[PDB]
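This document contains two forms of one protein chain, each encoded as C-alpha cells and listed individually as structure 1 and structure 2.
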Structure 1
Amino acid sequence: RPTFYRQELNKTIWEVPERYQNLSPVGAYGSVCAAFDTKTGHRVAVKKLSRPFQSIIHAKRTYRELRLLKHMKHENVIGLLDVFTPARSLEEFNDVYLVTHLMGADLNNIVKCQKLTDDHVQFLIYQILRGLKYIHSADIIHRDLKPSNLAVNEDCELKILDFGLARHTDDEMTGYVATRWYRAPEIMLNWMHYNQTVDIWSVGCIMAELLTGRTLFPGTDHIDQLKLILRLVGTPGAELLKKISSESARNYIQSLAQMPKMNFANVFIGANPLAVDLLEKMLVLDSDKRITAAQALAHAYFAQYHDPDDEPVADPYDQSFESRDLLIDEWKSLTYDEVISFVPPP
C-alpha cells in the first residue's frame, strides 16, 4: 500500500497517494483534478467519483465504468493508468478514484479553430476507425461518439474517450443540443435496439463536419433533426420499410412525403471524391447496409495510412454482468475486487 495524503480543493477532500502532486481542480459523475504523476512522468486527470454506491443503478454504473476502463488497451482509446481507494478494508470502502492521461484539446477546439487539409481529415478519421475496430471486436458499443469525446494533440494524434455508460438523460437530449446531433436516426426515438452500426453513423457526422466546418444535422429538436437527416439520405425504400418493426416508427414515417437520396458531391462541394464515396457508405439510412470499421480501414481514402499488420483487435470482453441482478453491497464488493486486482501498464 502506498502512503496517502489529504487536502481540500474547492470544498472537497482529496486523499491520494504521494505519487500524485500539484493537484489543480479542472472540472454529476464526479470532480476532476489535473495532476503530475511522479511514477510515469505524465500529466494525468484524477477523478473522484460522486456517491458511487448510493443506489443499485449507481453502484452498477460504477462497476460498469471500471470494468470498461480496465479492458481498453489500444493507442487510439483512453485507458486506465491507475485506480485507488484510501480504504484499508471492504468495510470502510466508500470512495473510488480513477486516473487517466490528461487531455488537452478535443476535436471541437480544432474544428472551430483550424484550417484542415484533406490529409488532416484522412489521419483523424483513420485513427477513429482504428480505435473503433478494436472496440467493436470486443462487442462493445461506444454510443456517444462526438467531437467533445475525441482528444487530439499537437501531432494530430487522437484518442476516443467518455464511453456511453447509459448515463445521458431525456433533458440532455432535448432541443438545440450537440448531445443529439451525432446520434443515428433509428435510435434517436428508440425505434431500434442499440448495435454497433450506430457508432459508424456518428463517424460519418464527424467526418462531414471536419470537411465543411459545420454541423451536418444541427436539429432544433428530435423531429427537426429527423427531417434534416431524411432530406439528405432519403425516406425509406420498400426494402428497408419491410424491416421496420416499430409500429410507432411506421405510423409517423408514412405521413411524410417521399424524398430521394441527395447527390453528395453537390452537398460536399470541393471535397476529395474518395471522401464523398466513404461518406455515402457511412451515412446509409438502412443500418444493415452501412460499412463497418474493419471494412472502412481498407477504403482507398486511407491508402497512405492503412497497415493491416498494425490494426489490432481486442481481447474478448465478458459483459454477462449486465443481465445480472445484485444488491448494492454485492455490486460494491465486485467493484472493490476490481480495484485491488488492478495491475498497471508497463
Structure 2
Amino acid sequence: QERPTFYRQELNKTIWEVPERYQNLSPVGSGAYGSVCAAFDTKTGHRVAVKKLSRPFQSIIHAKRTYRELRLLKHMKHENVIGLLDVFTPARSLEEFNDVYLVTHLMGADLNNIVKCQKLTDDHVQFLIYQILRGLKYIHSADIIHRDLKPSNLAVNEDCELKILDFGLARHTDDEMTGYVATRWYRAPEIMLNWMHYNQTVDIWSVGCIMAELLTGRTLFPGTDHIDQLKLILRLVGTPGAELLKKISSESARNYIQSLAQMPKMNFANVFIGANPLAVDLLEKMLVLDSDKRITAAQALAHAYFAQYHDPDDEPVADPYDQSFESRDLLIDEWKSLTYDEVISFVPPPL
C-alpha cells in the first residue's frame, strides 16, 4: 500500500484534492459539518459519496467532533447504517494534516426528498421502518443513541434500501445548531428542553414520527416552539398525569397546557384513516409519553407489522465501541493527531 495519485479541482468553493480513483465529482448538497460530492470509484466500481469536512480543526469542540465522527464511521459495519469505504487526506505528514475526506456508498436521496415528491404505499412503509429499526438495534447495542432521527437523516435509493446517517454526532450544548427546526418535530418530549433523564428510546419516538409522516405525507407534529410542540403532541396522545407532565414540560408550557381543558387520548385508528391496522398498532407502542413503557428497537422488530421481514438471526448487534475519548480534554492539535492516527490506521472493506 503506497500513496495514491491525487488530483485537484474546485467544488463548493474549495480545492478538493482526491485520489484519482474518484472521478466525475458532482456536488449533491451539504453534510454534517461538510459538503458532499457524488463520484464514480474506479477501484470498487461503485458510485460513492465523498464528504469533505469544513474546517475540521477550527476549535477544540470542532476537532473533537471531527474525531468523534471518524471513530463512529469506522466502527459501523451494518447494512442499514452509513459506513466507510475510504477515509483520506492529501496531507503526507501530521504537520501538513488539514483536511478529512470520508467516502461511503452513494445513496440516491433522503426520506425528506421522497415524502415531498411521492406517495408511499403501506408496503413501502413496512420495509422502510423495518430497516430503520434494524439499523437502530445495531447502533443502540454499541451504547450509542442517534439523538437526531428525522427524514433528512435517512438515506435511500431506488430499490427502497435505507441507511441511517449523522448518528451520535451533535450535543445539545453545541452552538448554531443547524437543522434545529426540523429536529424539534421529531424529538422525544422528555429531551425537548433538558437531557438529565432519558434513554435510548428517545430514538423510537422519532421513528414513530417518521412512520406517521411516511404514511400520510405530512409532518405529524410540526410545532413552532416548545409550547406549541407539546400541545400538538398531547392533542394526540392525551394529557398525562401530573408527575409525567412535569417530566416533559417547562413551567411555562405546563401552565399553558393546564390553561386548557384536559385532552383525551385519540384512538390512532380514527386519525390515520385508511391505514393498516398493524401500522396503527405499532404507532401506538412508539408514540407513548412514558419512556419506560416505550417499545425498544429490538421489541419493535418482532411486531407483526414486520412479519414479512423480521428475522432474529439476521438482525445483528455491534462490536463493543470504545467511547472513553468522550471524557478527555485535549487541545486542537491533540485531537488532530488522534484523528490523523485514525485516518492512517483505516482498513478498507475487502471487495
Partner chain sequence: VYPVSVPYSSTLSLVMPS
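Note that the rigid core is defined as the largest set of C-alphas that superpose within 1.5 Å between two forms. When a residue number appears, read it as a position in the sequence of structure 1, where counting begins at 1.
- Between the two isolated copies of the chain, the second is the form solved in complex with its partner chain.
- When two forms of a protein are overlaid on their rigid core, residues whose CA moves 2 Å or more are considered shifted, and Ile141 is not one of them between structure 1 and structure 2.
- With a cut-off of 2 Å and the rigid core superposed, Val177 has a Cα displacement that reaches or exceeds the cut-off between structure 1 and structure 2.
- For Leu228, a C-alpha deviation below 2 angstroms is recorded between structure 1 and structure 2 after rigid-core alignment.
- Relative to the superposed core, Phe36 moves its CA by 1.0 Å between structure 1 and structure 2.
- CA movement of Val111 between structure 1 and structure 2 equals 2.1 Å, with the two forms superposed on the rigid core.
- Here the two forms are laid over each other by their core, and the C-alpha of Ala249 is off by 7.8 Å between structure 1 and structure 2.
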